[PDB]
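Protein chains in written order, with the authors' numbering: chain S, 973 to 1166; chain Z, 99 to 141, 155 to 195; chain G, 390 to 438. Backbone N, C-alpha and C fix where the C-beta goes; we use that ideal spot for every residue, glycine too. Below is one structure, written out as structure tokens; the observations come after it.
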Amino acid sequence: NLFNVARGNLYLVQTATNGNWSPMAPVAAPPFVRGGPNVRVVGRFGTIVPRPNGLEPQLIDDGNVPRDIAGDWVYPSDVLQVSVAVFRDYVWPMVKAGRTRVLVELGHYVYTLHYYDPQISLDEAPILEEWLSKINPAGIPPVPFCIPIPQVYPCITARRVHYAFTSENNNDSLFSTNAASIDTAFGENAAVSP
Amino acid sequence: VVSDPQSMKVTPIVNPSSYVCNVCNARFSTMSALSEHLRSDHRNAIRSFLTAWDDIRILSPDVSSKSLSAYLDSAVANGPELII
Amino acid sequence: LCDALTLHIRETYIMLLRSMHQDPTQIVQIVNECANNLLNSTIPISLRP
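This is the structure in structure tokens:
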């Protein structure tokens, strides 16, 4: 993480935090790991079959069976490169509505961090739709993460619909939270590690 | 409508930037042009495909292949006039 | 009114066309097995009488 490379897999859920958010350091155990309780893995092609007369569109799993979108999905990084616009048109609104939660299994990845003032509200999806439109079959961009700038005073704080966070603790290069200040109030209490 | 910064900003779920087709995925910039494709098409053999990796439309060669050249005493075979 | 000799032909000609009917919902398995599973497609058709 000191070399801007993060380990572990990736998560895209809907999360509207009134308070603190930490994509690099998840506070709880990650949901829906591979092979978990009714967690479904997309096969090689990344293929969606349309269904007639108001039925939900079905997604072909790893076992070549069409499964419904609303649930818990797993994406190999190679599958996401061949199925960009099929991700972005069908299963990504079901992440935005919160009716499904996808995992993006990629081993190690360069990460770019976005920092925002938690006074003004923010929606992570236009920052993260931009990450999706730049995915080629060749390669993927460095993954964006909107991290709230930790404040020194306990302010009223807007909600943010956050989407992207990771599995393993990749907050290994942080080293401070409010250095010149006296005490952090809103954000993480990341003092200098002895 | 009171413009305050502490106000939960939510992006639209479906995309108005890409109104996808109902019976296809022929995208456009305006859904008014999309209402005439379904009025004409979804009501030859292979007219087109749509690729998920490059987002282009790959079309068949034209049925007027007589203008295409024939190489070394071998003619381009076309489909017979079955449906009359 | 129709002469039975032409009606025998135009019915036999349409038995010829229904003999060569390929079920259009099975084109997906044709394209996969002719590609050795290197290129899959999904072709939506409307099943008509």
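| field | Residue closest to S/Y1081, alpha-carbon to alpha-carbon, out of S/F975, S/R979, S/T1156 | value | Taking only the C-alpha atoms, the option nearest S/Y1081 is S/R979.
| query | Between S/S1093, S/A1151, S/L1075, which lies nearest to S/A1130 when the distance is taken from Cα to Cα? | reply | Residue S/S1093 is the option with its Cα nearest to S/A1130.
| query | Can you list the residues of chain S that G/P433 reaches, using a CB-CB cut of under 7 Å? | reply | Near G/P433 (Cβ distances below 7 Å), the residues of chain S are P1022.
| said: For a cutoff of 7 Å on Cβ pairs, would you count S/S1165 as touching chain Z? | reply: The Cβ of S/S1165 sits no closer than 7 Å to any Cβ of chain Z.
| request: Compare the C-beta of Z/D166 against all C-beta atoms of chain S and say whether one is closer than 7 Å. | output: True, the Cβ-Cβ gap to chain S drops below 7 Å.
| said: Please classify S/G991 as buried or exposed, where buried requires at least 16 other C-beta atoms within 10 Å of its C-beta. | reply: The residue is exposed, with fewer than 16 neighbouring Cβ atoms inside 10 Å.
| message | Is there a Cβ of chain Z sitting closer than 7 Å to that of residue 1245 of chain S, yes or no? | response | A query on residue 1245 of chain S cannot be resolved here, the shown segment of chain S reaching from 973 to 1166 and no further.
| query | For S/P1065, which three-state DSSP category applies? | reply | Looking at S/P1065 - three-state DSSP - the assignment turns out to be helix.
| request: Kindly list the residues whose CB is nearer than 8 Å to the CB of S/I1121, restricted to its own chain and excluding five residues on each side of it in sequence; keep chain order. | output: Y1087, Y1088, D1089, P1090, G1159, listed in sequence order.
| Residue-chain proximity (S/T1084, chain G), Cβ-Cβ < 7 Å | Under the 7 Å criterion on CB atoms, S/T1084 is classed as non-interfacial with respect to chain G.
| Inside the stretch 996-1066 of chain S only - alpha helix (DSSP H) runs reaching at least 4 residues | If we require 4 residues or more, the alpha helix (DSSP H) runs fully inside the stretch 996-1066 of chain S come out as 1049-1054.
| field | As assigned by DSSP and simplified to three states, the class of residue 148 of chain Z | value | Structure remark: chain Z lacks residues between 141 and 155, so residue 148 of chain Z is without coordinates.
| Are there 16 or more other CB atoms within 10 angstroms of the CB of G/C423, so buried, or fewer, so exposed? | Residue burial annotation: G/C423 is exposed, with fewer than 16 other C-beta atoms found within 10 angstroms of its C-beta.
| N- and C-terminal bounds of the beta strand (DSSP E) containing S/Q1123 | Per DSSP, S/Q1123 lies in no beta strand (DSSP E) segment and is marked neither H nor E.
| query | Mind listing which residues of the stretch 1085-1101 of chain S have their C-beta closer than 7 Å to chain Z's C-betas, in chain order? | reply | Residues passing the 7 Å Cβ filter: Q1091, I1092, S1093, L1094, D1095, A1097, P1098.
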